[PDB]
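Engineer: One structure, pasted below without further comment.
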Amino acid sequence: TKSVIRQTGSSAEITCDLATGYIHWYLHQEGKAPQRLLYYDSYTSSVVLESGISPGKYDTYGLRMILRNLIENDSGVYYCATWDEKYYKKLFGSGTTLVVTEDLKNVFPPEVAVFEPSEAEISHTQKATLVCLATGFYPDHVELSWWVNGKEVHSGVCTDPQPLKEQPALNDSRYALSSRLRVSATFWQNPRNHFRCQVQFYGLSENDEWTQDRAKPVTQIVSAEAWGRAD
Amino acid sequence: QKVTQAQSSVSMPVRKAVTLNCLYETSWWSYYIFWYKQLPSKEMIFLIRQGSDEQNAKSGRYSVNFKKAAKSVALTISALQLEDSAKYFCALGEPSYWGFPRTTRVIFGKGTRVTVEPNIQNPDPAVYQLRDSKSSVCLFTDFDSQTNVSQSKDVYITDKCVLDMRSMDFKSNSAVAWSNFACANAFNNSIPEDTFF
């Protein structure tokens, strides 16, 4: 889906997916119940904000919604909502994830490493298990993919739903994510087979400002490979 | 918390039933309770609706036992399957004085995470040592669904994950652990009695 990464004090422009009626905006944070921010009018274009929310914080116009003064607590998942024309229910279209930090120096690309199956696991269960792990990446936005012989295999693969944190009790701490691919032992014993673990990472854009010395954490694909061993 | 879900995380085997508890607080005579399913892709999907005045709602394998007296609304997934694994949210719509004029807020609970446990036919739990291809990790796999993998005191220990062989019709549980290191001493806790480690 869409991933947005901004710095404290900057602005973030949120896009809405579902395409009549009243459009609602919800905010979901980890460990916290999803709440409503505001809702906007199609006809009168009147904007109504909830209780406790100061005006000028969220801008809404025909569908995009703009955030103005960002802080670290603006992080979390933003949904756009509407009620059905016929049945009564609330539909959420958006998959948008937003993360905000004091400095963009906290942003790092992932380090991808592929590990070869054990001779013990081949001899015992007669199945080879390949594991890939992406380490030291911030923010949380990453997509891992397994590729065999130029094609992506969704079969026999397992990836951790929630990436573990490397430094506990830390807000800006980098993360780590592991994924596994299990194939037949006979498949791994064939050297003609190419196993590639590709991790897509979404970093800072071209319009973002990078003051620091190291390489700019732009959106990139970090990959690692492995080959089959017969003996 | 207006709406309340006591259950943080629930774990139940496949082809079984799981009941997700939800309670609400409202002063209104007429209202609506909703149940949503949040995917790891962060997509909120509608499941079933329960009205203030309605019979107990049943849609597919999703059934809810409604108690108006105790303000309890409980979602029950009848026949569990692997795809059913997600975080479920209980939501309560409250009407304006005149109606439900499409302005209505839906109050969400913190959600209940549901982890379905795959069926292990012939488990043989073992810890394997995997060497890096590039230079110089330990996985605990093929273990029964009942045993849960716990993070070591530290050492990075991953939570368990379900792997499905489509061609071999084979399903297994796998958990990996590593640090910058013995495999047997890697897991401080979580303890099967059969180990090839």
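Chain identifiers are assigned as A, B, and so on, following the order in which chains appear in the structure tokens; residues are numbered from 1 within each chain, and ligands are numbered from 1 in order of appearance.
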Taking only range 126-210 of chain A into account, list the residues labelled strand (DSSP E or B) by DSSP (computed from the backbone), as a PyMOL selection string.

Structural biologist: chain A and resi 127-138+142-148+151-152+157-159+164-165+175-184+194-201+204

Engineer: Near residue 34 in chain B, counting only C-alpha atoms, which residues have an atom at most 6 Å away, once you skip same-chain residues fewer than 6 positions from it, shown as a PyMOL selection string?

Structural biologist: chain B and resi 49+90-92

Engineer: Could you please tell me, as an NGL selection string, which residues of chain B have an atom within 6 Å of chain A when using only C-alpha atoms?

Structural biologist: :B and (42-44 or 108-110 or 130-133 or 163-166)

Engineer: For range 136-143 of chain B, work out the shell of residues within 9 Å, counting only C-alpha atoms and skipping chain neighbours fewer than 2 positions away, then give it as an MDAnalysis selection string.

Structural biologist: (chainID A and resid 115 125 131) or (chainID B and resid 120 122:134 145:147 149 160 171:179 182:183 186 192)

Engineer: As a PyMOL selection string, please: the residues near range 138-140 of chain A (cut-off 10 Å, only C-alpha atoms, same-chain neighbours under 4 positions excluded).

Structural biologist: chain A and resi 3-5+97-101+104-110+162-163+165+172-177+201-203+217

Engineer: Output N, CA, C and O atoms for every residue in that selection, as a CSV table (one decimal), in the first residue's frame.

Structural biologist:
```
chain,number,residue,atom,x,y,z
A,3,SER,N,2.9,4.4,1.7
A,3,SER,CA,3.7,4.6,2.9
A,3,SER,C,4.1,6.1,2.9
A,3,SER,O,4.7,6.6,1.9
A,4,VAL,N,3.9,6.8,4.0
A,4,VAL,CA,4.3,8.2,4.1
A,4,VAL,C,5.2,8.4,5.3
A,4,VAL,O,4.9,8.0,6.4
A,5,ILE,N,6.4,9.1,5.1
A,5,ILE,CA,7.4,9.4,6.1
A,5,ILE,C,7.7,10.8,6.1
A,5,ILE,O,8.3,11.4,5.1
A,97,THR,N,-0.3,4.4,5.8
A,97,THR,CA,0.5,4.4,7.1
A,97,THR,C,1.4,5.6,7.2
A,97,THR,O,2.2,5.8,6.2
A,98,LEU,N,1.3,6.3,8.2
A,98,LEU,CA,2.1,7.5,8.4
A,98,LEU,C,3.0,7.5,9.7
A,98,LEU,O,2.6,7.1,10.7
A,99,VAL,N,4.3,7.8,9.5
A,99,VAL,CA,5.3,7.9,10.6
A,99,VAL,C,6.0,9.2,10.6
A,99,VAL,O,6.4,9.7,9.6
A,100,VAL,N,6.1,9.8,11.8
A,100,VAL,CA,6.7,11.1,11.9
A,100,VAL,C,7.8,11.1,13.0
A,100,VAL,O,7.7,10.6,14.1
A,101,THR,N,9.0,11.7,12.6
A,101,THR,CA,10.2,11.7,13.5
A,101,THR,C,10.8,13.1,13.6
A,101,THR,O,10.6,13.9,12.6
A,104,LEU,N,15.2,13.2,10.2
A,104,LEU,CA,15.2,12.1,9.2
A,104,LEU,C,16.5,11.3,9.3
A,104,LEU,O,16.6,10.3,8.5
A,105,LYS,N,17.4,11.6,10.2
A,105,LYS,CA,18.6,10.9,10.4
A,105,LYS,C,18.3,9.5,11.0
A,105,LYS,O,19.2,8.6,11.1
A,106,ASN,N,17.1,9.3,11.4
A,106,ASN,CA,16.6,8.0,12.0
A,106,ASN,C,16.3,7.0,10.9
A,106,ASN,O,16.1,5.8,11.2
A,107,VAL,N,16.2,7.4,9.6
A,107,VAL,CA,15.8,6.6,8.5
A,107,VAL,C,16.9,5.8,8.0
A,107,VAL,O,17.9,6.3,7.5
A,108,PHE,N,16.7,4.4,8.0
A,108,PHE,CA,17.8,3.5,7.4
A,108,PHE,C,17.2,2.5,6.5
A,108,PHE,O,16.1,2.0,6.8
A,109,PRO,N,17.9,2.1,5.4
A,109,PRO,CA,17.5,1.0,4.5
A,109,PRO,C,17.9,-0.3,5.2
A,109,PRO,O,18.8,-0.4,6.0
A,110,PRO,N,17.2,-1.4,4.7
A,110,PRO,CA,17.4,-2.8,5.3
A,110,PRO,C,18.6,-3.5,4.8
A,110,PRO,O,19.1,-3.2,3.7
A,162,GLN,N,4.6,-9.1,12.2
A,162,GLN,CA,5.1,-8.0,12.9
A,162,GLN,C,6.6,-8.1,13.0
A,162,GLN,O,7.1,-9.0,13.7
A,163,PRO,N,7.3,-7.2,12.4
A,163,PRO,CA,8.8,-7.1,12.5
A,163,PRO,C,9.2,-6.7,13.9
A,163,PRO,O,8.7,-5.8,14.5
A,165,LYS,N,11.5,-5.4,17.1
A,165,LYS,CA,12.3,-4.2,17.3
A,165,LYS,C,13.7,-4.5,17.9
A,165,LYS,O,13.8,-5.4,18.7
A,172,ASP,N,12.5,5.6,18.2
A,172,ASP,CA,13.2,5.7,16.9
A,172,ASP,C,14.0,4.4,16.5
A,172,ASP,O,14.6,4.4,15.5
A,173,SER,N,13.9,3.4,17.4
A,173,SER,CA,14.6,2.2,17.2
A,173,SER,C,14.4,1.5,15.8
A,173,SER,O,13.3,1.5,15.3
A,174,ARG,N,15.5,1.0,15.2
A,174,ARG,CA,15.4,0.3,14.0
A,174,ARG,C,14.7,-1.1,14.2
A,174,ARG,O,14.6,-1.6,15.3
A,175,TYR,N,14.2,-1.7,13.1
A,175,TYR,CA,13.5,-2.9,13.2
A,175,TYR,C,14.2,-4.1,12.4
A,175,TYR,O,15.2,-3.8,11.7
A,176,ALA,N,13.7,-5.3,12.6
A,176,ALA,CA,14.2,-6.4,11.9
A,176,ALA,C,13.1,-7.3,11.5
A,176,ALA,O,12.1,-7.6,12.3
A,177,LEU,N,13.1,-7.9,10.3
A,177,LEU,CA,12.1,-8.8,9.8
A,177,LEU,C,12.6,-10.0,9.2
A,177,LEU,O,13.6,-10.0,8.4
A,201,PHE,N,12.1,-1.4,0.0
A,201,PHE,CA,12.1,-0.5,1.1
A,201,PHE,C,11.6,0.9,0.6
A,201,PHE,O,12.1,1.4,-0.4
A,202,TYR,N,10.7,1.5,1.3
A,202,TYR,CA,10.3,2.9,1.0
A,202,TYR,C,10.9,3.9,1.9
A,202,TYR,O,10.6,4.0,3.1
A,203,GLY,N,11.8,4.7,1.3
A,203,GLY,CA,12.5,5.7,2.1
A,203,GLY,C,12.1,7.2,1.7
A,203,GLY,O,11.0,7.4,1.2
A,217,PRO,N,18.7,7.8,2.3
A,217,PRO,CA,17.8,6.6,2.3
A,217,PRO,C,16.6,6.8,1.4
A,217,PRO,O,15.5,6.9,1.9
```

Engineer: Would you work out the distance separating CA of residue 53 in chain A from CA of residue 37 in chain A, expressed in Å to one decimal?

Structural biologist: 7.5 Å

Engineer: Find, counting only C-alpha atoms, the residue in B:105, B:121, B:7, B:113 that gets nearest to residue 81 in chain A.

Structural biologist: B:105

Engineer: Measuring between only C-alpha atoms, which one of A:41, A:167, A:205, A:212 shows the shortest distance to residue 156 in chain B?

Structural biologist: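 Closest to residue 156 in chain B of all the choices is A:167.
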
Engineer: Can you tell me, as a PyMOL selection string, what residues are no more than 8 Å from range 62-72 of chain B when counting only C-alpha atoms, ignoring any on the same chain fewer than 2 positions away?

Structural biologist: chain B and resi 21-25+47-48+50+52+56-60+74-78

Engineer: Limited to N, CA and C atoms, could you put the picked residues into a file as a PDB file, in the first residue's frame?

Structural biologist:
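Generated file (out-v3.pdb):
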```pdb
ATOM      1  N   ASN B  21     -15.026 -11.506  22.670  1.00  0.00           N
ATOM      2  CA  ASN B  21     -15.853 -10.728  23.582  1.00  0.00           C
ATOM      3  C   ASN B  21     -15.799  -9.230  23.322  1.00  0.00           C
ATOM      4  N   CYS B  22     -16.968  -8.598  23.331  1.00  0.00           N
ATOM      5  CA  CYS B  22     -17.055  -7.152  23.191  1.00  0.00           C
ATOM      6  C   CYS B  22     -18.178  -6.589  24.055  1.00  0.00           C
ATOM      7  N   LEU B  23     -17.878  -5.506  24.763  1.00  0.00           N
ATOM      8  CA  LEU B  23     -18.855  -4.823  25.603  1.00  0.00           C
ATOM      9  C   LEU B  23     -18.933  -3.356  25.202  1.00  0.00           C
ATOM     10  N   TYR B  24     -20.092  -2.742  25.411  1.00  0.00           N
ATOM     11  CA  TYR B  24     -20.290  -1.354  25.014  1.00  0.00           C
ATOM     12  C   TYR B  24     -21.021  -0.548  26.082  1.00  0.00           C
ATOM     13  N   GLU B  25     -20.822   0.765  26.057  1.00  0.00           N
ATOM     14  CA  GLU B  25     -21.527   1.662  26.961  1.00  0.00           C
ATOM     15  C   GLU B  25     -22.222   2.770  26.178  1.00  0.00           C
ATOM     16  N   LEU B  47     -17.735  -7.220   8.543  1.00  0.00           N
ATOM     17  CA  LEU B  47     -18.134  -8.612   8.700  1.00  0.00           C
ATOM     18  C   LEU B  47     -19.644  -8.766   8.846  1.00  0.00           C
ATOM     19  N   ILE B  48     -20.158  -8.341   9.995  1.00  0.00           N
ATOM     20  CA  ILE B  48     -21.559  -8.537  10.331  1.00  0.00           C
ATOM     21  C   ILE B  48     -22.074  -7.367  11.167  1.00  0.00           C
ATOM     22  N   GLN B  50     -25.008  -5.926  13.992  1.00  0.00           N
ATOM     23  CA  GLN B  50     -25.982  -6.259  15.021  1.00  0.00           C
ATOM     24  C   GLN B  50     -26.751  -5.016  15.456  1.00  0.00           C
ATOM     25  N   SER B  52     -29.882  -2.786  17.507  1.00  0.00           N
ATOM     26  CA  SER B  52     -30.413  -2.692  18.862  1.00  0.00           C
ATOM     27  C   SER B  52     -31.615  -3.609  19.009  1.00  0.00           C
ATOM     28  N   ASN B  56     -30.486 -12.447  16.991  1.00  0.00           N
ATOM     29  CA  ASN B  56     -29.043 -12.644  16.973  1.00  0.00           C
ATOM     30  C   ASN B  56     -28.585 -12.829  15.533  1.00  0.00           C
ATOM     31  N   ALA B  57     -27.630 -12.005  15.114  1.00  0.00           N
ATOM     32  CA  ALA B  57     -27.217 -11.964  13.716  1.00  0.00           C
ATOM     33  C   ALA B  57     -26.280 -13.110  13.358  1.00  0.00           C
ATOM     34  N   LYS B  58     -26.549 -13.735  12.217  1.00  0.00           N
ATOM     35  CA  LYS B  58     -25.714 -14.816  11.712  1.00  0.00           C
ATOM     36  C   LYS B  58     -25.445 -14.632  10.224  1.00  0.00           C
ATOM     37  N   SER B  59     -24.173 -14.485   9.869  1.00  0.00           N
ATOM     38  CA  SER B  59     -23.779 -14.391   8.469  1.00  0.00           C
ATOM     39  C   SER B  59     -22.592 -15.308   8.207  1.00  0.00           C
ATOM     40  N   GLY B  60     -22.801 -16.311   7.361  1.00  0.00           N
ATOM     41  CA  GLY B  60     -21.776 -17.302   7.088  1.00  0.00           C
ATOM     42  C   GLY B  60     -21.307 -17.991   8.356  1.00  0.00           C
ATOM     43  N   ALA B  74     -20.972 -10.517  21.271  1.00  0.00           N
ATOM     44  CA  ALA B  74     -19.826 -11.405  21.120  1.00  0.00           C
ATOM     45  C   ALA B  74     -19.792 -12.094  19.764  1.00  0.00           C
ATOM     46  N   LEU B  75     -18.744 -11.815  18.994  1.00  0.00           N
ATOM     47  CA  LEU B  75     -18.554 -12.449  17.696  1.00  0.00           C
ATOM     48  C   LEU B  75     -17.951 -13.834  17.860  1.00  0.00           C
ATOM     49  N   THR B  76     -18.523 -14.802  17.157  1.00  0.00           N
ATOM     50  CA  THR B  76     -18.019 -16.165  17.185  1.00  0.00           C
ATOM     51  C   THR B  76     -17.768 -16.664  15.771  1.00  0.00           C
ATOM     52  N   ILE B  77     -16.520 -17.007  15.474  1.00  0.00           N
ATOM     53  CA  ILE B  77     -16.213 -17.583  14.176  1.00  0.00           C
ATOM     54  C   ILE B  77     -16.395 -19.088  14.300  1.00  0.00           C
ATOM     55  N   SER B  78     -17.368 -19.619  13.566  1.00  0.00           N
ATOM     56  CA  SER B  78     -17.800 -20.998  13.752  1.00  0.00           C
ATOM     57  C   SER B  78     -16.745 -21.996  13.290  1.00  0.00           C
TER      58      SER B  78
END
```

Engineer: Do you know which residues are at most 6 Å from residue 87 in chain B counting only C-alpha atoms, after dropping those on the same chain fewer than 2 positions away, and could you put them as a PyMOL selection string?

Structural biologist: chain B and resi 37-38+112-114

Engineer: Name all residues at most 12 Å from residue 206 in chain A (count only C-alpha atoms; drop same-chain ones fewer than 2 positions away) and give them as an MDAnalysis selection string.

Structural biologist: chainID A and resid 203:204 208:210 216:219

Engineer: Could you state the separation of CA of residue 231 in chain A and CA of residue 197 in chain A in Å, given to one decimal place?

Structural biologist: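 We find that CA of residue 231 in chain A and CA of residue 197 in chain A lie 22.6 Å from each other.
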
Engineer: One decimal, Å: what's the distance from CA of residue 127 in chain A over to CA of residue 186 in chain A, could you say?

Structural biologist: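 Pair CA of residue 127 in chain A / CA of residue 186 in chain A returns 8.2 Å.
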
Engineer: Among range 4-219 of chain A, which residues carry a DSSP assignment of alpha helix (DSSP H), reported as a list in words?

Structural biologist: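 The alpha helix (DSSP H) residues within range 4-219 of chain A come out as residues 119, 120, 121, 122, 123, 124, 185, 186, 187 and 188 of chain A.
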
Engineer: Under the rule that only C-alpha atoms are counted, which of A:87, A:42, A:63, A:12 is the nearest residue to residue 100 in chain B?

Structural biologist: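 Closest to residue 100 in chain B of all the choices is A:87.
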